[PDB]
Amino acid sequence: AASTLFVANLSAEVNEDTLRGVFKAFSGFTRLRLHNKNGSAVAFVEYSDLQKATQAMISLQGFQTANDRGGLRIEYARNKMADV
DNA sequence: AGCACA
């Protein structure tokens with residue numbers, strides 16, 4: 001089953017391709033969605049299974065495309081990315 | 001801390 005990650009601390013100017021380049025570098029990358037609301041943006045990144053998602057989350061934690069200090073803040077998403 | 005798409 002595909003496991004989705006939640007990514008915070010993103011600048012509003014970051015590209016979808018740019019962000020893809022960050023996460024596609026890790027094994028099991030399936031798809032990414034970049035969402036914006038009022039200010040800064042967040043992202044949902046899907047991997048082929050949990051182990052690859054965990055592996056990527058640990059590795060990219062605090063990755064320096066950000067607003068605040070600390071770099072990227074990544075969590076497990078509360079829900080899986082919808083099918084299709 | 002802040003979690004959408006269908």
Side-chain angles (χ1 to χ4, degrees), chain A residues 1-36 39-84:
Chain A
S3 182
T4 301
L5 297 175
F6 168 80
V7 183
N9 190 14
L10 279 170
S11 67
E13 293 89 10
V14 60
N15 283 132
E16 187 168 1
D17 281 337
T18 301
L19 197 57
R20 181 174 300 105
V22 173
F23 293 84
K24 199 179 183 61
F26 293 85
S27 181
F29 173 81
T30 312
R31 51 205 179 106
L32 170 148
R33 285 142 104 92
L34 183 57
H35 164 258
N36 195 6
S40 72
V42 306
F44 300 96
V45 189
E46 189 184 59
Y47 284 86
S48 62
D49 62 53
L50 181 59
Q51 296 67 27
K52 299 295 182 60
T54 299
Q55 176 181 324
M57 175 174 67
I58 274 66
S59 295
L60 288 173
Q61 193 68 265
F63 175 82
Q64 277 195 328
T65 49
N67 39 60
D68 298 344
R69 259 146 83 191
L72 291 185
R73 294 182 307 269
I74 311 181
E75 306 174 1
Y76 291 115
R78 293 188 190 104
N79 304 99
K80 302 188 158 39
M81 186 177 299
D83 284 355
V84 184

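So you know, we letter chains A, B, ... as the sequences are listed, proteins then strands, and number each from 1. We use all heavy atoms of the structure for the numbers below, so side chains are in, but hydrogens, waters and symmetry mates are not.
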Peer 1: Apply side chain to side chain contact (heavy atoms under 4.5 Å, CB included) to A:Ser59 and list each qualifying residue two or more places apart in sequence or on a separate chain.
Peer 2: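 Result, side chain to side chain contact (heavy atoms under 4.5 Å, CB included) vs A:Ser59: A:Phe26.
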Peer 1: Give the residues of residues 22-29 of chain A touching DNA chain B, defined as any heavy atom closer than 4.0 Å, sorted by residue number.
Peer 2: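 Going residue by residue through residues 22-29 of chain A, none turns out to have a heavy atom under 4.0 Å of DNA chain B.
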Peer 1: So which of residues 60-68 of chain A are in contact with DNA chain B, with a heavy-atom cut-off of under 4.0 Å?
Peer 2: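 A:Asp68, in order of number.
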Peer 1: Taking only residues two or more places apart in sequence, or in another chain, which ones meet A:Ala53 in a side chain to side chain contact (heavy atoms under 4.5 Å, CB included)?
Peer 2: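 Listed in chain order: A:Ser3, A:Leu5, A:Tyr47.
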Peer 1: Going by heavy atoms closer than 4.0 Å, what residues in residues 75-84 of chain A are next to DNA chain B?
Peer 2: A:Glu75, A:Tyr76, A:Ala77, A:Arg78, A:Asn79, A:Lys80, A:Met81, A:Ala82
Peer 1: Do any N or O atoms from the side chain of A:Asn67 and from the backbone of A:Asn9 form a donor-acceptor pair under 3.5 angstrom?
Peer 2: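 Flag not set: sc A:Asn67 to bb A:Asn9 has no pair under 3.5 Å.
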Peer 1: Following the transitive rule for hydrophobic clusters with a side-chain heavy-atom cut-off under 4.5 Å over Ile, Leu, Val, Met, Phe, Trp and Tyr, establish whether A:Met81 and A:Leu50 coincide in one cluster.
Peer 2: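 Each belongs to a different hydrophobic cluster.
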Peer 1: Can you measure A:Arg69 atom CZ to B:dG2 atom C1' for me and round it to whole angstrom units?
Peer 2: 19 Å
Peer 1: For residues 74-83 of chain A, which residue pairs qualify under side chain to side chain donor-acceptor pair (under 3.5 Å), counting only residues two or more places apart or in two chains?
Peer 2: A:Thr54-A:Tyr76
Peer 1: Would you list the pairs meeting salt bridge (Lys or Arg N to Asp or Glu O under 4.0 Å) in which at least one residue belongs to residues 23-33 of chain A, sequence neighbours left out?
Peer 2: A:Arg31-A:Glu46
Peer 1: Check whether any side-chain N or O of A:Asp49 sits under 3.5 Å from a backbone N or O of A:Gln51 as a donor-acceptor pair, and report yes or no.
Peer 2: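 Checked: pair present.
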Peer 1: Would you give the length of the straight line joining atom CG of A:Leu72 to atom CG of A:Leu60, rounded to the nearest 0.5 angstrom?
Peer 2: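 Between A:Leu72 CG and A:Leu60 CG, I get 7.5 Å after rounding to 0.5 Å.
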Peer 1: How long is the line joining CG of A:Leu5 and P of B:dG2, in whole Å?
Peer 2: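 About 17 Å, once rounded to whole Å.
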Peer 1: With ring-ring contact (aromatic ring centres under 6.0 Å, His included) as the rule and sequence neighbours excluded, what pairs involving residues 5-24 of chain A come up?
Peer 2: A:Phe6-A:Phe44
Peer 1: Would you list the pairs meeting salt bridge (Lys or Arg N to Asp or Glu O under 4.0 Å) in which at least one residue belongs to residues 50-72 of chain A, sequence neighbours left out?
Peer 2: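 Counting only pairs at least two positions apart or across chains, the salt bridge (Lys or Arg N to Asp or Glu O under 4.0 Å) contacts touching residues 50-72 of chain A are A:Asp68-A:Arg73.
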Peer 1: In whole Å, what is the span from the CZ atom of A:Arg31 to the P atom of B:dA4?
Peer 2: 16 Å
Peer 1: How close or far is atom P of B:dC5 from atom CG of A:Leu32, stated in whole angstroms?
Peer 2: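 Going from CG in A:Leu32 over to P in B:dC5 covers 15 Å.
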Peer 1: Using atom CZ of A:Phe6 as one end and atom P of B:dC3 as the other, report the distance to the nearest whole Å.
Peer 2: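 Whole-Å distance recorded here is 6 Å.
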Peer 1: With sequence neighbours excluded, tell me which residues meet salt bridge (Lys or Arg N to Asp or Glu O under 4.0 Å) with A:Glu16.
Peer 2: A:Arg20
